[PDB]
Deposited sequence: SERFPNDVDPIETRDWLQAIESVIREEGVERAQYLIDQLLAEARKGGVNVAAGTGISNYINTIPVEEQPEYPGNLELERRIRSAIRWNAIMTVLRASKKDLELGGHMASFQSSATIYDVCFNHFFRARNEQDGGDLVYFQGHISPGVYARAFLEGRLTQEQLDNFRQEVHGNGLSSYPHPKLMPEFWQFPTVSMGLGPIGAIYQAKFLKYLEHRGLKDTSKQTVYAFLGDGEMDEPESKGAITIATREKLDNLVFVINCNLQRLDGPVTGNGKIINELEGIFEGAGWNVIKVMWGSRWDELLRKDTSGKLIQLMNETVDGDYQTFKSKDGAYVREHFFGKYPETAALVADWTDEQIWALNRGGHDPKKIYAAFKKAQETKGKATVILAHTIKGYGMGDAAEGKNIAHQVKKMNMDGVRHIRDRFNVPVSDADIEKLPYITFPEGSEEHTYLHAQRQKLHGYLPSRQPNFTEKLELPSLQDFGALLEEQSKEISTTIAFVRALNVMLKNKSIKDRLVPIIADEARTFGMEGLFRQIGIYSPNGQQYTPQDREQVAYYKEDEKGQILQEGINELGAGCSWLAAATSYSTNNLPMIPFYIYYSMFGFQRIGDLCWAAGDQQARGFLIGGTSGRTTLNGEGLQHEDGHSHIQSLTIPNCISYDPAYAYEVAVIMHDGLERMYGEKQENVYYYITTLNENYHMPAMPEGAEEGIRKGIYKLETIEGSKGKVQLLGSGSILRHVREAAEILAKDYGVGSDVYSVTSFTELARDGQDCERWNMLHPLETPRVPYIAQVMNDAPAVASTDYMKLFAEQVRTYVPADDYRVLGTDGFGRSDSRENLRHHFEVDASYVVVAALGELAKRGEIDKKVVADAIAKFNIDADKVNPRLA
């Protein structure tokens, strides 16, 4: 930690390049319009909400950036990638309005978007696809997302894919936000990868929502301490220009001592008081500090401001960051939350227009009028002129990429569509599919395989020697090894999955990891990715409750599909066979990066269990995409049932089919369900449409176009809800579901599938029971089956075990 003063002394401060007086005029107009936007919204009494105090504290920081640093998207690259602090959006909207990018009607529709001419509360690309770029309001995601975005830009340059050297990634963070583990938890990576294209700007107003971040301490010193120890360049912007002569003439060193020892709580106490109070409780602490202001009026003492409010100090910081290489820079900007709002922290708006010399008539204040600058005026010309020198306006977003990719056809995956002679797994199939893609001239180098330490577990060692590991193992390596860091790997995946938009450079990431540590562990990031319109593949390996058999309770995933189905634009599949993996990957590729450019991302669970992989049934492709298709029907004269399975359990459902036919003369229709979730969504969509068009021909759910009315049984390696979700749409009166509800445990696959009541034996007993209720077979046949299969009808429900 260093003294509690500016890192950059006046002698090293560069001359400010802009017109300070003009800038303030424009800035006061942006401040005013931001407050008018939120106040007008409140007057509606619709509980819309909105913030003002935060932007008031950081307005000048953003202003210096818009006038002198921020590069907009241009012909060469995506420009500077700015992660705006989420709740200061009114200020962003106010500047956009001033630049003529938004209308007054839009501002009057702040937080009222349903009808189409409004503005979102926060940065949400999904809601305003041509404006916002990075979703940051869920605190903590912005910092880590920015770290991996900066690292990805360097990756694109090192790989010879795009010269991103002129782009800088700015992450505007709150100080309270720095307590989120995700906020400082990965800062060490910025130093390992020398991210000198990354700048963290922390708004240190010393406050969060309920109170001071650390009243009894000094948050700025805490931040400096850990960032410095993590190897970052730290620049503190503590005090305004009025303090220079004071610090300059104090030869005793007491003013610094005093600044150092005063804690955050007392500093916040001063800003609530007045000049006389500061003379007494701060400077009055020591004779030498009291002597520095003896000649000052209380009004002059009260004028002393924090550094983050002085354009000259701010500029110095951003310019120095720009020059700093070999590591990332964090700017700790000292500010006042609620700055210039005074009291308010209908005549208090009067106070604001007085404080910022806002050009609003006093008999007009009542109408809460927006201020604009006419074309031809000093302000309008200056506003636009600075932006043009910086390539235009931001934030802005391009919804689609421009180039045309020559994607592999399904036949290019032809090997995976045939019967495999050796027993392999769906993960092995996934890797083989990747290799096919790695042979396509159009996308081979746009692929971005990502792993979190674990590569040997998924047998990815082969691609290693083939395409290498990224290590600026050299800077041309293609695979991103993020170590034991699922969140970091997910942010790398997100940066890659949205490159088509931010850089107009489509990249196709495949992040493979232990499924349990997917949505369950990084779900907030997965929701954010949906908002950011990510297009890529998330591969949940070692999936299924009973399949990763020895690992137990914290590894056995029997519910990730329940978590993924909550994300509207995530398309989830649980394939049992290699040919299904091939058809699903090809389709996703085509939907996301083909001419359609669909804004969806994929989640495919894969397995670590080897078994026989049959050839793809002729004509089964569309059924695989849609979610279900019939494998075969087995004959039998004593009854008929429908058996559905997915993932690793399908082969056991087929085994049940052979038993039912040969031991009981019960025939059946056997279906491979590649996506219960897509089938459920389709069914929900059909019934919604039907409800809304009562006079028209009812739409039939896709699952009902494949299944018939015979009693059905479904079994999967996930909790019952995964298959039970399509109940409404199944055209049979009987639909029994087996699943892996309950905490996992260590044992052999055979023992877990029996414990979780999902194996062939339970499918047979479940099927026989449906026939027995129909009076087709004797109930004792079901009872004798339970006995012969060694089923404990009275053991505790696995969910409670």
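Novice: Should a student be asked to find the unmodelled regions, what ranges of the deposited sequence would be the right answer here?
Specialist: Several regions go unmodelled: 1-55, 401-413, 541-557.
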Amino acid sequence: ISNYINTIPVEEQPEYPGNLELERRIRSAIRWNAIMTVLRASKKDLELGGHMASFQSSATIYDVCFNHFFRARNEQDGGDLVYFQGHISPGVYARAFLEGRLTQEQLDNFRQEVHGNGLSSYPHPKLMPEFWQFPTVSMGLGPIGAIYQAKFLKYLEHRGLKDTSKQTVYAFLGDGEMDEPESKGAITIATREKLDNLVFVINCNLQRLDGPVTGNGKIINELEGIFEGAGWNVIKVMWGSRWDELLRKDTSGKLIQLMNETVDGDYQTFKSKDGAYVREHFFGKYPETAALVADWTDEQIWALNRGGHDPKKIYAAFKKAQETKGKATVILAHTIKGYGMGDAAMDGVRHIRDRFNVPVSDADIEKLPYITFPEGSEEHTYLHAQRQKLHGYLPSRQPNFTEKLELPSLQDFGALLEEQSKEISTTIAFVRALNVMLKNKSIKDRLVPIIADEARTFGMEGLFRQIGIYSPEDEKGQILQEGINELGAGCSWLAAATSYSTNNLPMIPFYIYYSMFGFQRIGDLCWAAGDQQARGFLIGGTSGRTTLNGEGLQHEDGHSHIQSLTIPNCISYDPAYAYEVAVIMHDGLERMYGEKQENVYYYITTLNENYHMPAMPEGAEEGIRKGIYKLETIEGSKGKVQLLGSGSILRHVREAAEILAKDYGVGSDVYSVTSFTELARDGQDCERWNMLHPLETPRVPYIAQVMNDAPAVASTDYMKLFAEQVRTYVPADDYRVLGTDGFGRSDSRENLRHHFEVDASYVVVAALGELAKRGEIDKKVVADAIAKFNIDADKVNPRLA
From here on, numbers count along this sequence of modelled residues.
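Rigid core (definition): largest C-alpha set, two forms, superposition within 1.5 Å.
Novice: Taking the root mean square of C-alpha distances over all structures and residues in 5 other deposited structures of this protein, with a rigid core superposition, name the larger of 723-731 and 272-280.
Specialist: Taking the RMS over all superposed structures in 5 other deposited structures of this protein, 272-280 lies farther out.
Novice: Taking RMS over all structures and residues, which stretch has CA atoms farther from the shown form in 5 other deposited structures of this protein, 457-465 or 699-707, after a rigid core fit?
Specialist: When 457-465 and 699-707 are compared in 5 other deposited structures of this protein, 457-465 lies farther out.
Novice: Select between 88-96 and 246-254 the stretch whose C-alpha atoms have the higher average B-factor in the entry.
Specialist: Between 246-254 and 88-96, it is 246-254 that shows the higher mean C-alpha B-factor.
Novice: Comparing average C-alpha B factors as deposited, tell me which of 717-725 and 205-213 sits higher.
Specialist: Comparing 717-725 with 205-213, the higher average CA B-factor belongs to 205-213.
Novice: Which one of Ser761, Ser42, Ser748, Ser57 shows the top CA temperature factor in the record?
Specialist: Comparing C-alpha B-factors across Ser761, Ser42, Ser748, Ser57, the top value belongs to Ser42.
Novice: Using only the C-alpha B-factors in the record, can you name which of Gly185, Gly544, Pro125, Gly639 has the highest?
Specialist: Max CA B-factor in the entry, restricted to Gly185, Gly544, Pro125, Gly639: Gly639.
Novice: Could you say whether, by C-alpha temperature factor, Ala704 belongs to the lowest, middle or highest third of its chain?
Specialist: It belongs to the middle third of the chain when residues are ordered by C-alpha B-factor.
Novice: Of the three thirds of its chain by CA temperature factor, lowest, middle or highest, which one includes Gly775?
Specialist: For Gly775, the deposited C-alpha B-factor lands in the highest third.
Novice: Among the chain's modelled residues, which third holds the C-alpha B-factor of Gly284?
Specialist: Highest third, going by the recorded CA B-factors of the chain.
Novice: Going by the entry, which third of its chain does the Cα temperature factor of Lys236 land in?
Specialist: Answer is middle: the recorded C-alpha B-factor places it there.
Novice: Sorting the chain's CA B-factors, does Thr372 end up in the lowest, middle or highest third?
Specialist: Highest third of the chain for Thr372's C-alpha B-factor.
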